[PDB]
Amino acid sequence: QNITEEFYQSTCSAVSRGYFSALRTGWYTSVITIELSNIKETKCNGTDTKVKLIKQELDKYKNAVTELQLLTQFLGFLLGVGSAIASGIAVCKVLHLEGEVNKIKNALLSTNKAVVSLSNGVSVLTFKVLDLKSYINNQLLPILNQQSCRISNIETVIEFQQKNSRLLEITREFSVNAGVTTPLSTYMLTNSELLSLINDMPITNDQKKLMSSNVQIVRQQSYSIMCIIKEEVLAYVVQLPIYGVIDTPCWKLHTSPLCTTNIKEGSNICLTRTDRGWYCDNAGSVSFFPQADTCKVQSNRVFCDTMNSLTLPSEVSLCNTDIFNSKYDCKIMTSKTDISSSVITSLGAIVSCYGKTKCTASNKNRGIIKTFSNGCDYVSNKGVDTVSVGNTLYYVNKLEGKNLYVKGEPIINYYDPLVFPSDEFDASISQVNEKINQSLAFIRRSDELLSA
Amino acid sequence: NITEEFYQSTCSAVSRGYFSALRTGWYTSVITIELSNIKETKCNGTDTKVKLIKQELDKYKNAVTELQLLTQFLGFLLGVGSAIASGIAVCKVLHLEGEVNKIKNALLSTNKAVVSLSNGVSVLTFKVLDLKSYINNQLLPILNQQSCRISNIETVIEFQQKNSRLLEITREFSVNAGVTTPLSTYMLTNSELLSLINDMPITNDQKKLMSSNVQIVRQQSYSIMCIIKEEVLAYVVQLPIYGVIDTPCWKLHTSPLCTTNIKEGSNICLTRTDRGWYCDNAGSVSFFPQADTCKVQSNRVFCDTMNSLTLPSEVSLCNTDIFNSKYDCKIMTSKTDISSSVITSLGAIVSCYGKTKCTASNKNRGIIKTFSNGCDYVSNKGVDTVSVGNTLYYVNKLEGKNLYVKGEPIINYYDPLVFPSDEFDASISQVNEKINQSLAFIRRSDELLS
Amino acid sequence: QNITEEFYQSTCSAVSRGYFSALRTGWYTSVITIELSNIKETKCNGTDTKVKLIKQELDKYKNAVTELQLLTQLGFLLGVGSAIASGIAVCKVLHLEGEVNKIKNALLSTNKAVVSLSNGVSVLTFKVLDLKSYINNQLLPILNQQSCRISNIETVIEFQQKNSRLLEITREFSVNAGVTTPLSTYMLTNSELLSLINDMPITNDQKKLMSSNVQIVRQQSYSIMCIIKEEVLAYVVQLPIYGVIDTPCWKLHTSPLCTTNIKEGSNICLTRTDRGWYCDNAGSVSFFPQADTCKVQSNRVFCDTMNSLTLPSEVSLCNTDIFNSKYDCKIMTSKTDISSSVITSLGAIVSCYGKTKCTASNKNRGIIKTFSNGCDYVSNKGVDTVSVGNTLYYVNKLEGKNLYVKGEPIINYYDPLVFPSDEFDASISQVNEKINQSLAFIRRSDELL
């Protein structure tokens, strides 16, 4: 669908509107199990190319079992810290409780899908993915038993190593990630299992369809937690996201440093909005995600994690149209560092050009089409493919969409130098103002002293 | 058995009772694979079997050449290190003339040897795969007999299985610039690691700890590719050495502490910047600021001293007395009245300000606590979930004793309009003197009035 | 490989000179294709041991194919980029109706072709694996003739290897949301990469660099999966282009500098904030503040210009004259009197303060020098290890020329009580005006009494 971007020359910022939300508000926990069989010994005394292949494969299996038993014994800093897998670990604590795994085992004996009531009070979906027990006991061992371990068919060796392959890779991922893997691999959960788990979760059909349409993102926001291998069953807990907020209006704010352009080399003053990031409407409030890469965009849907969010009033949006509005204190940073740089937006690029820096926008068939004068400016991605700032060449996003240039006098011109508080990092419109008011009284007080 | 303490005065939490396992040094070991380089594949007869062994042979012949090509808050004060300077030094010695022969000849009869390098250093060496003796005496003879027509498909399957470990090791190096971390199981199997652990020059206390938590050891290890020369492939495994064990370790969590005034803009905030891990070590405290630099297993904290500063034991007074005259407690200031929550080991700190809705809930009963404006704390026993605005936080489910220590929030001791509200790495005494310097200009400017 | 390091005691900073540049200035995009054949359904019955392996192998192929159709729908002052804006632009062209057909028709006769896309870009296209003609004319006839009884095991093993690369590429794309980095060997083999290196519009000197350090190339590349339609699978590979090579490049290490006075809590600190890599580029200096954004091989520094700022050449004066009147050297101020050490390319910087024990030791001799309070530096020649408090730092063992440049510590030139001690990204000139404004208020107030 159409995406609309607005550029504000007054504040040297850009807002990309039209995106839709898909916020991860919670976690759903599922128990994934594989059935194992304890092999005491292979009494295979006859050795040949086939026996050594099946035996070494068996050694890899018994070694994987042993390995797991050992395993089982701007802004952004203002966000709140969480425990990503605190939910899954809680399930581990119950599965570690006496006789709890057996309850799961009895439910998964006849079918591969069951809801089990855990001892605490929680009903959880349980899933038997691989049945290695019944394979090793009644498909492999009889062939071995019948011909006294001289296996006539090479096919058994090829197939057996394939059935064991999934187990060895699951072990590797857990063994290299300290029992916690992310994203959820295809070895962790096959697509057929994942889609079926999506289909069986207690959520709306709108949510089921969303997760099934973007199974790739679901995988990336999930965890796999190794849990327990006891009583002929190994089980790990998969922790899937649940998206409670879908299809709410959402927009992205891009900002770039705004500096004065004076003839004197070192006497310039800068101002930068620090409220950059994604903003989604939610239940009368606004979820603000300061960290840039906390969200992944697919078409028009933004898949985000609320864990990296702040909850702000709806009045936050006024900072885009009126940064000095009297209802929300817009967050800004100050500097005297007039360094040229560029900000690539969704439908264009912001260019803050200062000093003698070379700033250029180019078309692939046309070359340079615009040379930026000093100040903060903006260009649409329509006729433009490339942007050049200094020695850094930026490629622009090539997404068709509506652009809007909002004229205005740069806010940095509204402050008188020499009285500018030039070392504020997480300040605001009013916060800088009062520090100015404190500096102007200190100047009156020093001049009132020169008077005598 | 971990005890947590919450200080309402400073809106912080301290979890006491953890034990240490600090990586104080590095041990370097040389892991080798003996290879034989195939001169040429002259298979002239074409068949589905010949094409299978030839491509399998080519993949091996490619890995050797491929690897051979490869062979030619706070925190800002933390000193910078060189993680693999130890491994790089060991690599550099193996490159010396006639040095590989010393390595090769020692591992010719056994798979474990201590080799004295020309400089002076004895290193543990390990021959894991002997592909040379496989290729020369079992595979190459089979191939030559019928001009590459293998009657038993088992041979190609055995070769591809025998060849698998080499190719997988190559692939990790091929995507990670010759330096892998954590240490994969293809680099060093669990069986080899415990055996290499058992042979390291450490206490039995150190061996048992590492052997019981080989998973964490893997995450703090490096694999450094070095050389393929004279039909021998070798890479250096750099394992951590835990010189400091079982000393006390505690965690300090911090969250912004602001006033809760009815007036929209007149609130002031204060936050302790000393968040992180604290372990006693040699009479001092080892401080690790960033959360993800340490990994916890049960009651032990595995950390790397390279990401630490060394602080006096008096740092602990900031938890019990932020105004103590023996250590200058580190603080940041703001006027940013933002609500947020920090999940502790045994609970959650909740900073609730403005019109934000802050709630603590249980899974079986729903909402159980409604937070009033200010910084407060709830234990994880009867509480399962914590919600701050649009953010749903799950709490840790670890049983343990908690302690709510009443005290007046420190932010109330300050009068606004005179509060310096832009300090990032300042301290109680730094803020005090900055007010004292502003009040001296306040006293003296009115005193000069006549 | 001759590297010279200079340590400046006045400013507690170190410059490692002699390194050369290799800046990623542009992007090259190539489209790699695999020809597929979609089976309506394998209508073979799944029971016997021979059928179950080939039939299951066929299902793993058909599921990976189906999966792809589902999927196919300092430092803070830096500027933000779009890393794959170039690659996404190319992929977007392939989604237009009937656009893929131009690709297919060109790669019918050769495995390498330059195709005219309908929109605007000419891209190299590459058919690596041909699964179509194998499935259509070698496997399925063998399978169909004997009613899924594959009597000869050799055919199925060849298939699973021929099928392997697709599943591995599919598996990687399935874990990285269609965008992978670094570029794996399943994405692009060395044989393919070196041949693709040879066709890029660069000089032979640039070509030779990329082929000699193919490992770094992989780490600065992306693979973008985007389309599987009309019996063709294609993804865009985005390789770096190093337009600026062999320019002088140097690394600046800095460590906090505090006074060493007897009073425990009364101390003042100062730190140069302009740490990072500096390479000459187009008469200016390309500055990389982030340390791990560059990878070092011998004397070549592979960096990405996208995370860099462009600075005037006068930046180098901050190493030689921190008070120079031509460039405003960046510094931070504090009262956080904490001891620490900085490992350089050819040695170690040690900021030793308070009652901390600071020591540099040799492996064969033990402790050789005990550091007094202040910021100091020792060469990697006679020194093997350095210890500060409970933190053990290993020094790099690279031979190279070192230079201890004596000078009075800059922190001593300032009188406390007028020192602005909470500046995070301030400068020489910024501190001076704040001192003069506070000292003029002290001059005029005391001159009145």
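Residues numbered from 1 in each chain as written, not as in the entry; some residues may be left out. Chains lettered and ligands numbered in written order. Part of a larger assembly, values for the part shown. Heavy atoms only, no water.

What the deposited record gives as its method is X-ray crystallography, and the resolution it gives is 4.3000 Å.

### As for the interface of chain A and chain C
It is common to give the size of an interface as the accessible area that goes away when the parts come together. Of the residues lining the interface, 53 residues belong to chain A; the matching set on chain C comes to 56 residues. Buried surface at the junction of chain A and chain C, both sides included, amounts to about 4800 Å², of which 56% is carbon and sulfur. Among the residues chain A hides against chain C, the three largest losses belong to A:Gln162, A:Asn391 and A:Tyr395. Together they make up 14% of the total. The tally of links from chain A across to chain C stands at 2 salt bridges. The interface formed by chain A and chain C holds 16 residue pairs in polar contact in total. Of all elements in the fold, only α5 (154-176), α7 (205-213), α8 (215-220), β15 (331-335), β16 (341-344), β22 (392-395) and α10 (429-450) of chain A reach the threshold of two or more residues within the side of chain A that touches chain C. Per-element tally for the side of chain A that touches chain C: the top contributor is α10(A), with 7 residues. (Contact = heavy atoms within 4.5 Å. Buried area = accessible area lost by both parts, 1.4 Å probe. Salt bridge = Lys/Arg side-chain N within 4 Å of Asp/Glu carboxyl O. Polar contact = N/O pair within 3.5 Å; in protein donor to acceptor, adjacent residues only side chain to side chain. Helix = DSSP H or I, 4+ residues; strand = E, 2+ residues; numbered from the N terminus.)

### Observations regarding the side chain of C:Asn281
Mapped onto the fold, C:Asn281 is located in strand β10 (residues 276-281). The exposure class assigned to C:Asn281 is buried, which follows from its relative accessible area of 6%. A polar atom in the side chain of C:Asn281 sits 3.2 Å from the side chain of C:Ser286. Dropping the residues within four chain positions of it, C:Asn281 is found in contact with A:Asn391, C:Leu23, C:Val244 and C:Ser286. (Buried < 20%, exposed > 50% of the residue type's maximum accessible area, 1.4 Å probe, protein only.)

### Section: the environment of B:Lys208
Residue and element names in this part refer to chain B. Locating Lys 208 in the fold gives a position in helix α7 (residues 204-212). Assessed through its relative accessible area of 57%, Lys 208 is described here as exposed. A sequence separation of 78 residues divides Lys 208 from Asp 130, and the C-alpha atoms of the two residues are 30 Å apart.

### A look at the pairing of strand β2 (residues 13-35) of chain C
All names here are of chain C. Within β2, 20 of the 23 residues are buried, leaving the element largely enclosed by the surrounding structure. Relative to β2, strand β1 (residues 4-8) runs antiparallel, the two being bridged by 5 bridges. Bridged to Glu 6 within β2 is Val 15. If you look at the hairpin formed by β1 and β2, you'll find 4 residues sitting between the two strands, and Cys 12 has a positive phi there, around 50 degrees. By the bridge criterion, 19 bridges tie β2 to strand β7 (residues 232-254) in an arrangement that is antiparallel. Opposite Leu 23, over in β7, you have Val 244 as the bridge partner. Where β2 meets strand β13 (residues 300-304), 5 bridges bridge the pair, whose relative direction is parallel. Along β13, the bridge assignment pairs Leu 23 with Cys 303. As paired elements, β2 and strand β4 (residues 122-130) share 5 bridges and run parallel to each other. Across the sheet, the residue bridging to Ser 30 is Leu 124, located in β4. (Pairing = 2+ DSSP bridges.)

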